[PDB]
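A.B. asks: Below you'll find the structure I mean.
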Amino acid sequence: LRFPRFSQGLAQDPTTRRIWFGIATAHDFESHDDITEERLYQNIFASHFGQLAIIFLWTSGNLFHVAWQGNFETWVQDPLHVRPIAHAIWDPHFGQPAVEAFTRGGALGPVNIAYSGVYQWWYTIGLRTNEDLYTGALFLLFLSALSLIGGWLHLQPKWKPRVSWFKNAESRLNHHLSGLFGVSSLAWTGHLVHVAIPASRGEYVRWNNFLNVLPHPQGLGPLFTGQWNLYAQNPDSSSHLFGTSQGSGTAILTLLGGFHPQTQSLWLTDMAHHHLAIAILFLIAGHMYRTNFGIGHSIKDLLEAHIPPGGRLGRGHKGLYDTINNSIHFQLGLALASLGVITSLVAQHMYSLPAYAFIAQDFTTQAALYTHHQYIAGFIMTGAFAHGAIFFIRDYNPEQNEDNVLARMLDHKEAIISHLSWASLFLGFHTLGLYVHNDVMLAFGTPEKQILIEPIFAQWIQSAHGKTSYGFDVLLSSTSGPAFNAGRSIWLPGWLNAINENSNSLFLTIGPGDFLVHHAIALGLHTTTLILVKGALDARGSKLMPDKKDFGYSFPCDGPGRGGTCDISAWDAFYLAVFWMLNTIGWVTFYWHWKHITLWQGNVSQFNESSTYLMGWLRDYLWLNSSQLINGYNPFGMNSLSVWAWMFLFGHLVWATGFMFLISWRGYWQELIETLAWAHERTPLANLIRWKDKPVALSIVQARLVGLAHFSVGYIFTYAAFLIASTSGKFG
Amino acid sequence: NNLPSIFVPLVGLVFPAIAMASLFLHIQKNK
Amino acid sequence: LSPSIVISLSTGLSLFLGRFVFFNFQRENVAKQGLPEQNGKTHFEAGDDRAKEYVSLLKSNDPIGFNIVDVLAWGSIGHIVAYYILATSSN
Amino acid sequence: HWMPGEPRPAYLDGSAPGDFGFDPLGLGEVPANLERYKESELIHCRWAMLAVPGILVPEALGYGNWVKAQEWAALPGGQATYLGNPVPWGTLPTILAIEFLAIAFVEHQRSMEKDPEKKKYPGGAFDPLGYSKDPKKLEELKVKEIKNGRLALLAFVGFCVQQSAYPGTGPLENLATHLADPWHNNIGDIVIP
Amino acid sequence: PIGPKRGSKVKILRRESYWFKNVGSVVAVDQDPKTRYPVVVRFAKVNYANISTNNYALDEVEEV
Amino acid sequence: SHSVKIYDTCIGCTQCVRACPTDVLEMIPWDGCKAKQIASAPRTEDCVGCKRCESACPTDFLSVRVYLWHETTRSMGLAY
Amino acid sequence: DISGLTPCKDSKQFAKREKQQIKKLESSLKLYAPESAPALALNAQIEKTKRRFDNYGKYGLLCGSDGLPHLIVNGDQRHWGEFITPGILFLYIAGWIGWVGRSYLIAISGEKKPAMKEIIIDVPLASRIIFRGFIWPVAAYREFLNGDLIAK
Ligand code: CLA
Ligand code: CLA
Ligand code: CLA
Ligand SMILES: CC1=C(/C=C/C(C)=C/C=C/C(C)=C/C=C/C=C(C)/C=C/C=C(C)/C=C/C2=C(C)CCCC2(C)C)C(C)(C)CCC1
Ligand SMILES: CC1=C(/C=C/C(C)=C/C=C/C(C)=C/C=C/C=C(C)/C=C/C=C(C)/C=C/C2=C(C)CCCC2(C)C)C(C)(C)CCC1
Ligand SMILES: CC1=C(C/C=C(\C)CCC[C@H](C)CCC[C@H](C)CCCC(C)C)C(=O)c2ccccc2C1=O
Ligand code: SF4
Ligand code: SF4
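Chains as they are written, first to last, in the authors' numbering: chain B, 3 to 734; chain I, 5 to 35; chain G, 62 to 152; chain 1, 47 to 239; chain E, 78 to 141; chain C, 2 to 81; chain F, 68 to 219.
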């Protein structure tokens, strides 16, 4: 035996394929030699512990570097006129102009400007000095050490959990719902009330005095007597200055709604009340399922009894408890789908309802956060469907799942796939046709012939929320409606003030260009879903390959017979859907960035007029906004944007290098490598050296992955460079 | 400070060399 | 301004309703939805040592078998209702 | 038959009281579902045959229509009235508490019954005058009860709908409006504005 | 005689077959007892291999 | 070595054993088809995984199947 | 005023667009003799531009802040000519084409070699079938009622 230890088949490969495939199959515990279920579960547990340790170390490193090399104490005094510092630069390759150019902020040497928004987040939660950040970093280092220690302990024979413990679903659901959500959110309200709210009013509360300072003048008396309205009295005034006692109040729980007048962000007393309410809701809900105390629900009986008596769903949900409980890919897919949905929601909500002070005025940070979270959500959404296909291949049992909801989906896969195809074709046809018609109309110098369609439904929905720029006068926009009268004394004043102010990002005004780009987004989503669903459902076989389940999740082809069978596996269906995900997220981020750039420059009419034809996009977004970026270094000198131009070109080069592995396939290269072996063996003074692994071309599936990684890395780096350079050159 | 003048070369030139040598010796080993 | 000490009499009413009215319905529904099980075996009998029911807490000398868990659950419901009533007033 | 010349569903044989084969959507196909539906229909009919006297009589005595009697509870501190006399306990949280407890007991008592016949016509103590002594008269009585209940349900639907077209008005007010000028004060104007 | 008579129309009940749930015509039936798939069926449409004839057992064809 | 399997839907055409570029497959006598023959796969250590045998099979779905498996010097076609 | 829009006839930006287009066209005409053919073509272009702007003014379209017409597709009766009527006409034509294709495909399905009638069209049969699609809605609906629309 030799590397890999966990594969007898791989360890006997006489070629270089032994190393590549040894690296790529390390974390697939199910396919290792002499693997059992208990060992699988225990390895997963240890890996989770390691992941937590890595996360804690990452956060500790960020905090330590900001405390040691940043300008946090200078930024706190004048947040709007200081640039945050990420860390310092020490590059022996730098020249003197590079040393001078990157010396920005208040530093004594080259530094990097942070665009992750950690400064605003930490300032909002009450951190004020570099001593606080050092303590936080030390605490997180301790937490990482504790996580590693806990990871090592449960791999010992005395402390190994059993498989039955891992399959106790009701106890885990109860404990997670009640403590990991309810108690976790209850404690954050405590931190807010005791530390963060006093800090925003000029009060310094730390470990040495937090037992003597009352968060409220009346103490806990109102809480136990039910006089809970005393905690909302005397809120902060509109003339409040954040961080000082000028114009401050004494309330700790309010329902004002809207934004803080100065920081242009949510009130700190609204978030505490929100977290308290959700903590109570989560604490109550964690008492549903049955444990060894003799009361509660049983999930299996809940599933088995939800069958309609009409028979239109067959046997219903019977047998689904054991299907989910015995498959880990099913659980991973469900978790990934939920996580991706909530990540997209986080991205959509953070840009329009900012929570951190002075982050709405930082234009570069907002775009970076939005793009980051949207790309991550897209990748997670692809992974959900990938693991659904893996479940259908490896874990599904037809006999236990007879005629239930899961089995009837495989029965009519053709209808689902064909209807998805119809929707995609319809959307693509008409969207492209309208765009090309508008382009041709602009080309002939007659813009009045364009097809411009108002997004009436979205404008009506915006009016129903209290916006008065369209004159629809419905619901919340109606002063005499019951809905308006219900909340007019609680939250409507502040919300209506915020929604009818046009300098923020709360319910931006929309037009025909928004309509066209929204339908493009819909086309992208439908096509990606079509690809992934077709890959998942056809995983066990089709007419072209009835026995696909016998060949695994990933395999090259079934050869040139029967007309040829390239890309017939479900893995190849996942591989083709990454290109569509990247395209869709690119469209979404292009739309967001152009709209917000035009909004920030105060010339929204440019987007309104130039977004109805594709030449408008190409000329007024890409060509126009890339002038500063491509001038980072020129024959006349360099400035602080040099690194972003270099990364722009680097991303272009990495993206194009991926096309080599995607367009040219293996048999060209194995023949080319065969001549080099002869050349080396016949060369004097060099044939005294010989290899140990026989050199070979990459495998058919390897080159698909290697090409796709190059494509994604180039995409990400190029867009990140362009976005950051374009935003920071104009707005700093 | 003077610390970056040490740790940057330590992490960029010394540790990669040690790790690559050890890993190559590990992957080339047989019994 | 209703007093908080009196309003907590809702606990007594909730306990009365649980002990005299809805006892049979709750008991028969709990009997119908048995212990959770995996692969046809309960969690404890499948191998999980920490899933064993506490039989010592099931035995109560009440003539109809009223437990302490029932007391806790109905008291929690009564307290929640009473504090909702208290918070709704004085607004 | 509810429509001559139309075939009947197989499960509607014409032996049940008030059975005329009306089931275009086939909601009674499942034998367990159809048994429940008869109980629900009878309960709805019996509840609606008490509402109709309770809506017209207070309006016929000048005490206000049936939607005016609910206006006071939306206000803070509103007190209930009966026959023009305020009742001491007519506060909102006193009324809500006594209604839930009194009803939750009887309906749960009805729920625990397991004999299908007693869920519709329980008999026993609820028939003090003994009208169920004759099985021959009883069938005629059941037909009469079913035929009246559906009419009362239709009347209640009319009550509800007529309110939307004429807000703030009572059914007797609508009848008085119609009687004065039948040929212009009718449904036609509402449908075609 | 064994199985369907020649010229009759049968439908296929083999899941891994290209003509699953399709109707074909019987050509011949081998009468040897030791043969496992004695029914010869032909179809109007060709499969992915441009073949139009296949052999089936008595349990994978039914008279339509 | 790769895995080559034969199923009893075989008709004895010989076309798979004529197509193999290395001697992996051969005909043996049998009873169960008109031809009184079936393919056998005695030498799968010499299989390269080309699937020429599966392109030649006239059965609706193949009576010969090749499953790719652990790779060796012979199965990679290396003459280095 | 749906969505805060204004009629084209009252829009000043619409008139400014018309004036700019006409002025751009007129600057090219000064380069040619009035009797020459290019002058005649430019005159025709100017007249057509004026007529197009007048026609857009007459039909009751709605302009935005840029002076460009916008289409309302919510179903309002005042703008049924923008989306509803052309949509119904397109649906009729597409149903005609699809019904004719389906009828021709069914007609030749019973032949000895139906494939050869697809690469070499049988002109008389198609010509006889072409006229039949003029009443496609009635035939399709009656086929749906009789259950012959969906294959068994
Ligand atoms: C009170 C009891 C309790 C608690 C606290 C935990 C806690 C945990 N268990 Mg656990 N467990 C328990 C009882 C408990 N268990 C019992 C009784 C059993 C046996 C039935 C188990 C069995 C068990 C297993 C088998 C495993 C765990 C694991 C875990 C860890 C998962 C990490 C996680 O959820 O990320 C934290 C996530 C959240 C807090 C919520 C994420 C989603 C929310 C909505 C996001 C909120 C975002 C919010 C806006 C803030 C973000 C913004 C901010 C950046 C500013 C976590 C530490 C896993 C593990 O190994 O971890 C080490 C694991 O594999 N547990
Ligand atoms: C810009 C490049 C591009 C374009 C235009 C498309 C377009 C399309 N892809 Mg696609 N794709 C691309 C790149 C592209 N892809 C890449 C890089 C990948 C990764 C490998 C994929 C992977 C992919 C998958 C996996 C799938 C698609 C599908 C589709 C189709 C669904 C969208 C739709 O509604 O049709 C848009 C309509 C059109 C483009 C029609 C234009 C027709 C004009 C009029 C042709 C004119 C002809 C000519 C001018 C006249 C004769 C003259 C003579 C000289 C020819 C669509 C045709 C899906 C599909 O086919 O299923 C439905 C599908 O499943 N694509
Ligand atoms: C499958 C096609 C499809 C898809 C996926 C979408 C998707 C979307 N549309 Mg949309 N739309 C469609 C067709 C479609 N539309 C058509 C055909 C019209 C013209 C009537 C519109 C008109 C329209 C408007 C005016 C607006 C949207 C908007 C939106 C977005 C918000 C969701 C919404 O309001 O749904 C709307 C859903 C529908 C209208 C249902 C259409 C589905 C049917 C099956 C289409 C069939 C065509 C039908 C036969 C036409 C008959 C007309 C004939 C009598 C003349 C969402 C991305 C809104 C938005 O945010 O834009 C920025 C918005 O304001 N759409
Ligand atoms: C394949 C497969 C799989 C996977 C799957 C998936 C991945 C899916 C996804 C899915 C999804 C991803 C879904 C989603 C959904 C969503 C939703 C369903 C939503 C909803 C919403 C709502 C309902 C709302 C509401 C509201 C309110 C409340 C208020 C305001 C207004 C509104 C309307 C907004 C599994 C593993 C499982 C199994 C195997 C196979
Ligand atoms: C001996 C006896 C008797 C009596 C008895 C009794 C009297 C009992 C009682 C009992 C009780 C009396 C119980 C209680 C309980 C309670 C509870 C269980 C509570 C809970 C609570 C909670 C859960 C809370 C919550 C919350 C919320 C939700 C919010 C705010 C905060 C708080 C925390 C407050 C008699 C003579 C008759 C007979 C013979 C025997
Ligand atoms: C270029 C090319 C080759 C030839 C390329 C080879 C053999 C590259 C082999 C790797 C060399 C030595 C460069 C490695 C560069 C890495 C950055 C170093 C390792 C990094 C570690 C993290 C693994 C194929 O083998 C091939 C096979 C099938 C389809 C397409 C292609 C294809 O396009
Ligand atoms: S394996 Fe295929 S090609 Fe070879 S004899 Fe059998 S049926 Fe003929
Ligand atoms: S796969 Fe190729 S080498 Fe292997 S037995 Fe078949 S024809 Fe021969």
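Even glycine gets a Cβ: it sits at the ideal position worked out from N, Cα and C.
(1) Give me every residue whose Cβ sits closer than 6 Å to any heavy atom of ligand 4, in chain order.
(2) Under the rule that 16 or more other beta-carbon atoms within 10 Å means buried, what is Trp-166 (chain F), buried or exposed?
(3) Along chain E, which residues have their Cβ under 9 Å away from the Cβ of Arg-564 (chain B)?
(4) So what's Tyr-117 (chain B) in DSSP terms, helix, strand or just coil?
(5) Where does the unbroken alpha helix (DSSP H) through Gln-116 (chain 1) begin, and where does it stop?
(6) Checking contacts by CB at 8 Å: is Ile-301 (chain B) closer than that to chain G?
(7) Against chain C, does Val-703 (chain B) count as a neighbour if the rule is that its beta carbon must be under 8 Å from one of theirs?
(8) Following a CB-centred definition, is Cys-54 (chain C) positioned closer than 7 Å to any heavy atom of ligand 8?
(9) Distance cutoff 8 Å, beta carbons only. Does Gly-33 (chain C) sit that close to anything in chain E?
(10) Which of the three DSSP states, helix, strand or coil, is assigned to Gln-452 (chain B)?
(11) Decide yes or no for the touch test of the stretch 132–141 of chain B against the stretch 65–79 of chain G: beta carbon pairs closer than 8 Å, at least 3 of them.
(12) Could you list which residues in chain C have their beta carbon closer than 8 Å to that of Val-698 (chain B), in chain order?
(13) List the residues of chain B that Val-12 (chain I) touches, going by C-beta distances under 9 Å, in chain order.
(14) Ligand 7 and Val-65 (chain C): does the residue's C-beta get closer than 7 Å to at least one heavy atom of that ligand?
(15) Is the distance from the Cβ of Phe-81 (chain F) to the Cβ of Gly-131 (chain F) below 8 Å?
(16) Measuring from the CB of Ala-80 (chain C), is there a heavy atom of ligand 8 at a distance below 7 Å?
(17) Any contact of the stretch 32–42 of chain C with the stretch 119–128 of chain E, i.e. 3+ C-beta pairs under 8 Å?
(18) Identify, in the order they occur along the chain, each residue of the same chain with its Cβ nearer than 6 Å to the Cβ of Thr-10 (chain C), setting aside the five sequence neighbours on each side.
(19) Measure the Cβ-Cβ separation of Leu-268 (chain B) and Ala-357 (chain B) and say whether it is below 8 Å.
(20) Per DSSP, which residues does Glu-140 (chain E) bridge with? Please list them.
(21) Tell me, please, which residues DSSP counts as bridged to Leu-138 (chain F).
(22) Taking a cut-off of 6 Å, which residues have a beta-carbon closer than that to any heavy atom of ligand 5, in chain order?
(23) Is the CB of residue 165 (chain G) under 8 Å away from at least one CB in chain B?
(24) Any contact of the stretch 71–79 of chain F with the stretch 113–133 of chain F, i.e. 3+ C-beta pairs under 8 Å?
(25) Going straight from the alpha carbon of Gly-216 (chain 1) to that of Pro-457 (chain B), what length do you get?
(26) Helix, strand or coil, according to DSSP, for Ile-217 (chain F) in the structure here?
(27) May I ask you to report which of helix, strand or coil DSSP gives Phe-431 (chain B)?
(28) Given that a residue counts as buried once 16 or more other Cβ atoms are within 10 Å of its Cβ, and exposed if not, what is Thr-677 (chain B)?
(29) Report the option in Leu-150 (chain B), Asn-73 (chain B) and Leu-175 (chain B) whose CA atom is closest to the CA atom of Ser-49 (chain B).
(30) Between the Cα of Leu-322 (chain B) and those of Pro-400 (chain B), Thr-38 (chain B) and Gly-639 (chain B), spot the shortest distance and give me the residue it belongs to.
(31) Got a sec, what are the start and stop residues for the alpha helix (DSSP H) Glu-55 (chain C) sits in?
(32) Three Cβ pairs or more, each shorter than 8 Å: is that satisfied between the stretch 455–471 of chain B and the stretch 220–230 of chain B?
(33) Which value, in whole angstroms, describes the spacing of the CA atoms of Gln-235 (chain B) and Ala-253 (chain B)?
(34) Does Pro-163 (chain B) get closer than 8 Å to chain E when you measure Cβ to Cβ?
C.D. replies: On the basis of the coordinates in this document:
(1) The set, ordered by position in the chain, is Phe-332 (chain B), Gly-335 (chain B), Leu-336 (chain B), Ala-339 (chain B), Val-343 (chain B), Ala-386 (chain B), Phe-387 (chain B), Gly-390 (chain B), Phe-393 (chain B), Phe-394 (chain B) and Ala-538 (chain B).
(2) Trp-166 (chain F) is buried by the Cβ-count criterion.
(3) Here the neighbours are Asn-124, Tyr-125 and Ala-126.
(4) In the structure shown, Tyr-117 (chain B) falls within a coil segment according to DSSP collapsed to helix, strand and coil.
(5) First-last for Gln-116 (chain 1): undefined, no H or E at that position.
(6) Closer than 8 Å: yes.
(7) Chain C contact via Cβ: absent.
(8) Yes, ligand 8 has a heavy atom inside 7 Å of this Cβ.
(9) Yes, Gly-33 (chain C) lies at the interface with chain E (some Cβ there is under 8 Å from its Cβ).
(10) In the three-state reduction of the DSSP assignment, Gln-452 (chain B) falls in the coil class.
(11) In short, these stretches do not touch, since the Cβ pair count stays below three.
(12) Those are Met-77 and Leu-79, listed as they occur along chain C.
(13) Those within 9 Å of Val-12 (chain I) in chain B are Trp-92, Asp-93 and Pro-94.
(14) Within 7 Å of the C-beta of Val-65 (chain C) there is at least one heavy atom belonging to ligand 7.
(15) The answer is no: Cβ separation not under 8 Å.
(16) False, no ligand heavy atom lies under 7 Å from that Cβ.
(17) Short answer: they don't touch.
(18) Within the same chain, Cβ atoms closer than 6 Å to the Cβ of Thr-10 (chain C) are found at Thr-60 and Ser-64, the five residues on either side in sequence being excluded.
(19) Their beta carbons are under 8 Å apart, which means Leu-268 (chain B) touches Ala-357 (chain B) by this criterion.
(20) In DSSP, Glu-140 (chain E) forms a bridge with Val-87 (chain E).
(21) DSSP, once it has assigned bridges, lists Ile-455 (chain B) as partnering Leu-138 (chain F).
(22) Residues whose Cβ lies closer than 6 Å to any heavy atom of ligand 5, listed in chain order: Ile-282 (chain B), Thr-72 (chain G), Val-132 (chain G), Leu-133 (chain G), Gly-136 (chain G), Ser-137 (chain G), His-140 (chain G), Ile-141 (chain G) and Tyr-144 (chain G).
(23) No answer is possible for residue 165 (chain G): the residues shown for chain G start at 62 and end at 152.
(24) Put simply, the stretch 71–79 of chain F touches the stretch 113–133 of chain F. At least three CB pairs are less than 8 Å apart.
(25) If you draw a straight line from the Cα of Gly-216 (chain 1) to the Cα of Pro-457 (chain B), it is about 43 Å long.
(26) Residue state, collapsed to three classes: coil.
(27) In this structure, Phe-431 (chain B) counts as helix in the three-state DSSP scheme.
(28) Here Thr-677 (chain B) is exposed, its C-beta having fewer than 16 other C-beta atoms within 10 Å.
(29) Nearest C-alpha to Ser-49 (chain B) among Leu-150 (chain B), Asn-73 (chain B) and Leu-175 (chain B): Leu-150 (chain B).
(30) By alpha-carbon distance to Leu-322 (chain B), the top candidate from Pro-400 (chain B), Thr-38 (chain B) and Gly-639 (chain B) is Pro-400 (chain B).
(31) Residues 53–57.
(32) Between the stretch 455–471 of chain B and the stretch 220–230 of chain B there are fewer than three C-beta pairs closer than 8 Å, too few to call the two in contact.
(33) About 5 Å.
(34) Answer no: the Cβ-Cβ gap between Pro-163 (chain B) and chain E never drops below 8 Å.
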